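Breakdown of the fold
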Number of protein chains: 2
Amino acid sequence: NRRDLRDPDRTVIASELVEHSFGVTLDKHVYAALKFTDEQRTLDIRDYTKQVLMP
Amino acid sequence: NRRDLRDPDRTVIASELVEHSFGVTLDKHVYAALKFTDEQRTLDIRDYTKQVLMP
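- Structure determination for this PDB entry was carried out by cryo-EM, with a resolution of 3.58 Å recorded in the header.

Written out as structure tokens, the structure is:
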């Protein structure tokens, strides 16, 4: 605020400061799942990494 | 000024030197005052440098 010099009203207006806030939340579960029978893990799956994990 | 050459009216119109002036005045008091109750200073304010002085 601004006031005049040599003013007989020596009143200084106070100032107000207001902080704010906002929330960040964790709300989703992203997953990929597979199931393999032992027959098709022993026989069908050749390179387990390149065939399963990378996809 | 300009006469006519060989004018029998041999009167000379004197000119004037008028110095002008303006004024620069200091007449404003720019402030920013803060009023902190003791409870607010004790509890709410944590740094007072990045929370009061900088703003």
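Further notes follow.
**Description of the overall build of chain A**
- On a plain count of helices and strands, chain A comes out with two helices and one strand.
- Helices and strands in chain A line up, N terminus first, as β-α-α.
- In terms of overall dimensions, chain A is more spread out than a globule: its C-alpha atoms have a radius of gyration of 35 Å, far above the 10 Å expected for 55 residues.
- Considering only C-alpha atoms, chain A reaches an extent of 100 × 20 × 10 Å along its principal axes.
- For chain A, the residues scored as buried account for 5% of the 55 residues in total.
- Surface accessibility of chain A: about 6000 Å² in total, with carbon and sulfur atoms responsible for 52%.
- Across chain A, the centroid of the 9 positively charged side chains sits 5 Å from that of the 10 negatively charged ones.

**Description of unusual backbone geometry**
Residue and element names in this part refer to chain B.
- At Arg-6, a position not held by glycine, the phi torsion is positive, near 65 degrees.
- Turning to its location among the elements, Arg-6 is positioned in the segment before β1 (29-30).
- With a phi angle near 75 degrees, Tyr-48 is a residue other than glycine that sits in the positive phi range.
- Considering the arrangement of structural elements, one finds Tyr-48 in the loop between α1 (38-44) and α2 (49-53).

What counts and how
- Residues numbered from 1 in each chain as written, not as in the entry; some residues may be left out.
- Chains lettered and ligands numbered in written order.
- Part of a larger assembly, values for the part shown.
- Heavy atoms only, no water.
- Helix = DSSP H or I, 4+ residues; strand = E, 2+ residues; numbered from the N terminus.
- Rg over C-alpha atoms; globule rule 2.2 N^0.38 Å.
- Buried < 20%, exposed > 50% of the residue type's maximum accessible area, 1.4 Å probe, protein only.
- Areas by Shrake-Rupley, 256 points an atom, 1.4 Å probe, with all protein chains shown as cover.
- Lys, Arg positive; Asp, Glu negative; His and termini not counted.
- Charge placed at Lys NZ, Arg CZ, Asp CG, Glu CD.

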